[PDB]
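The chain below stands alone and is given as structure tokens, in the form deposited in one PDB entry.
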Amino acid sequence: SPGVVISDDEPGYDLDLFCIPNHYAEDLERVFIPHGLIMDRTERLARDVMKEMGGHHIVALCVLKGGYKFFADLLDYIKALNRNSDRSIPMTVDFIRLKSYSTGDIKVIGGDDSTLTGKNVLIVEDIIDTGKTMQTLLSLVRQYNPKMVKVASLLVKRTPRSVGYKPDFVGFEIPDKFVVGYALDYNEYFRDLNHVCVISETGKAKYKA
């Protein structure tokens, strides 16, 4: 299942239908995915996750993108599914330093996946674009002979440039457009905006350096 598909021809919402920080008001084009919708769509994701992974210890890894938020918001729901459990069950949390840097940067450095050998792994990225990053990330997590590997992602841009990666868990599948907000940033800006919006030709301009 593809997640919630948003069409190419999607208009999104006027910036006025919600609360957008006034300081980003010329920088943003449209709200595409309002905060609460992400939340609910994420609640369910968690669920499809546990369906096939609850029951045994798992290792949730965060891609080091610098977008911890979604990872968090998802872990919180994965934790609330775990209480109902009858026996206690550990879970380990972590970031993967690196995502298309390779080899022996994995055999050791990324071999603290020596720690992954034999365990069930769940990788968490926020948006997937060309897929490169991720794919080069399974190659190596793979060398570790993990027992199993799933990949949840919040967004899956549909680009002619996909390099074929299709995660196991999708929240939303989007047009190929440039988004910020919620858990995506731009040069360290838009971290305080919690709806996924399209950025404007102007926004992308002034934010740089």
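The numbering used is simple: start at 1 and walk along the sequence shown. Whichever C-alpha set is largest while still superposing within 1.5 Å between the two forms counts as the rigid core.
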Unmodelled residue 100 in at least one third of other entries with both flanks present: yes
Residues of the deposited sequence left unbuilt between residue 102 and residue 101: 4 to 9
Continuity check for residue 129 and residue 130, given as deposited residues lacking coordinates between them: none
Greater mean Cα temperature factor according to the PDB record, 6-14 or 185-193: 6-14
Per the entry, higher mean C-alpha B factor between 137-145 and 42-50: 137-145
Selection from 171, 36, 167, 55 [criterion: highest C-alpha temperature factor in the record]: 55
Chain thirds of CA B-factor: placement of residue 64: highest
For residue 161, the third of its chain into which the C-alpha B factor falls: highest
Assigned third (lowest, middle, highest) for the C-alpha B factor of residue 79: lowest
Residue 19 by Cα B-factor - lowest, middle or highest third of the modelled chain: lowest
Entry-reported Cα temperature factor of residue 115, expressed as the chain third it lands in: highest
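What follows is about the form deposited in another entry, which we do not show.
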Candidates 64, 50, 148, 37 - which moves between this form and the one not shown, C-alpha at least 2 Å, core fixed: 64
Rigid core fit then residue 93 CA moved by 2 Å or more between this form and the one not shown: no
